[PDB]
Each structure stands twice: as structure tokens, then as C-alpha cells.
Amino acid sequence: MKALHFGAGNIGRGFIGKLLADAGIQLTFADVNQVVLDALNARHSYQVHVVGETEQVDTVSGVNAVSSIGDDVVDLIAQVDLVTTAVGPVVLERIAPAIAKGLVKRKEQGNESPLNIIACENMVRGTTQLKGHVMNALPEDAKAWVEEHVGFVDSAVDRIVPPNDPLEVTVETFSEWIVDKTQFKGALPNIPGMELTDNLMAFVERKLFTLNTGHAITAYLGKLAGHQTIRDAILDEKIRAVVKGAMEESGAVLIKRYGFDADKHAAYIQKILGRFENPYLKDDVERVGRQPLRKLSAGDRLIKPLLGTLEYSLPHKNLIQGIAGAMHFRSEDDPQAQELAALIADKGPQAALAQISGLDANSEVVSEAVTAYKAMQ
């Protein structure tokens, strides 16, 4: 099997491309960074430091690379079995005309072997979003053929990969890659570390409501307590209790909503606490806490679980502490943190929280959050 992966950044090299190459798939990266392209074509391999219990150095080999903006990438799309991405939303749109030209060429070459495309992005159903972009660049006369031969498979991915050698990358031991089984065309690939499900949204929300929720609250409370790193914060027993409790509160929602087994979910929470303890990552709380306006939005990792607890009459006291810690995040380098500070300064925490989150300013939850915010100054 052959795969083309767009985005040879830390995620592409240390997680998605790594798993593809480790599976024995002939892997080509596509990128615009010439230094990374040349390094991959020069050495055909690189080292990934996989760190958690111990530091392991894994070697990824037999890889090569092409420019995402040239003609070779189009030729490859006409030949490979899988196309994956880890590029972010702006570049996810930019690669669409090359993918569309690739699909036209695939049809013109008479390659009817099923192709599956999997966007591995920090987005909900990113591959469906990519499909939208590809449709916007594909000729009408190719659309039927593409519907028949090409699967746009959504995924949910989770691996902590923080910021001489332009190819080395350090990643945590843990990873999760789950894809929607029902969208694949043809025989399902056997890629170790990739799991197929009929219920992708359950896993998307699990990750959002557990990993993202816990990680953010660890960062926000940690910064308030003067902790440098996620590890320092999670080993602080006062902070740990609130982080664990918030993931448990959000977990009761997931259990009710999706039917996850309670004992396995408890173990998944323990596994995430261990991930935060990683002694090799030295992940700055300021990095993890960045963009608090996004992280305080209605559909995101603090308000959505809270709305779930309201839906089911479940307890949210630790979530409320998390929201108050988020509201306290300050960073000179973060424009959202600046906007946040200015909004609370101008309108007060109650109006500010309502305006960012969409919670009614008169509500009991907003009342509870404002109390908690006041208590942390």
C-alpha cells in the first residue's frame, strides 16, 4: 500500500505519518517547507522520541517527500491508496485544488482502486470539511466518479506533541486514532494504532470532554498557582482534585449520552491523569492555556460539558472552578487573553462570561462562576 500525507509538521511526522510508515505503508509527505522536504528526501528516515514511562527513540524509515504545490503531488494522488492530512483549517482549503486535480487524473488514468482520504485535524469531522473544499474545486463531470471511488473518512485523533535537526520530533507514548468505518470505500486497511468505529462522534466528544477539559483546567489552575508545567500542576494535590473531579463530572454526561462503560471510563480518566504527569514533555502551562476565548466558547471544552450537566441534573462544581481559572488566564503574547482581560475590566466578570460563553448572565451557573472567579484573586 501507498499513502500520501499532507503536512510534514510535528503531528505529521510524529504521529500520523509515523503510524502509516510503521504499518509498512510506502509513505510520501507533501509540504511547502523546502528544508523539511529536502531533509526527508536526503535521509529517507528520521527519529521520533516517544516519551512517557521511559524515553524511547523510534526510527521512521523508507519515507520520501514532494511539494504540495507542484505537479508530482497530483501524479501521486492518482496512484496512492490513502491520502491523510495534518495541516490546519487554512491549508486544508489550500490543498483542495491539488486533490481535485489528482482525482481528475486518477479517473483519466483509469485507476479504479478505492481511495480513502482521512483528515487528521483538530476539527470536528475535518474530512467532511475537506470534502466540501474538494467539491469546490472539482469539475462537475468528475463528481459521480469521485462519489463512487473515493471515501472521505472522518477521524478523531489525540496525541500530545508539543513544539538543529528539522525532522526530529518528541511525542508522548499514548496515541489515539479513530476513524468512521462507515465512510471507507473497499477493504478496510490494517494500520496498527488506527481503530474503526460506527460511532465516531462518541469518541470525538469523549476526547473533547476529558482530555481537552482536563488539560485546559490543569493549565489554568496551574498558571494561577505559579506552576511552570502541566506536570507540576497535576502533581499539586489541590489542583489534581479539581482536574480529576471536572473530568469525572464531564464523564457522567458522556456515560449518560453515549453509554460508555463507567469502569472503563474511570480507567480512561486515570490514563489521562498519567499523560499529564509525563516527566519528559515539560509542557508550559502558558502554551496549553492559550486562546482562552476559544476555550470558553459555547461548544468547547468547558461550557459544553457544563451544559450537559444542566441537561442531566448532574454536578458541575469542578467545571465551574475550571471556568473561573480560564477567566483568569493572562498572557502578553496571547491576543485572546488580552481581549479577555479587557472585556472583564470593561464589563465585569458576569457580563464578560455571558458574552463569551452564551450562558444567561442571570443564571445560577454564571453566579457560581463569578463567585469562584472572585475567590481566585
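We number the residues from 1 along the sequence you see.
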{"item": "Deposited but uncoordinated residues in the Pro163/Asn164 interval", "value": "4 to 9"}
{"item": "Which of 295 to 303 and 224 to 232 has higher mean CA B factor, as the PDB entry lists it", "value": "224 to 232"}
{"item": "Greater mean Cα temperature factor according to the PDB record, 280 to 288 or 70 to 78", "value": "280 to 288"}
{"item": "Given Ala345, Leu37, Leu319, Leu27, the residue at which the Cα B factor reaches its maximum", "value": "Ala345"}
{"item": "For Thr84, the third of its chain into which the C-alpha B factor falls", "value": "lowest"}
{"item": "Chain-wide C-alpha B factor ranking for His328, given as lowest, middle or highest third", "value": "highest"}
{"item": "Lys101 by Cα B-factor - lowest, middle or highest third of the modelled chain", "value": "lowest"}
{"item": "Third of the chain's Cα B-factor distribution that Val90 belongs to, per the entry", "value": "middle"}
{"item": "Relative C-alpha B-factor of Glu248, binned into the chain's lowest, middle or highest third", "value": "lowest"}
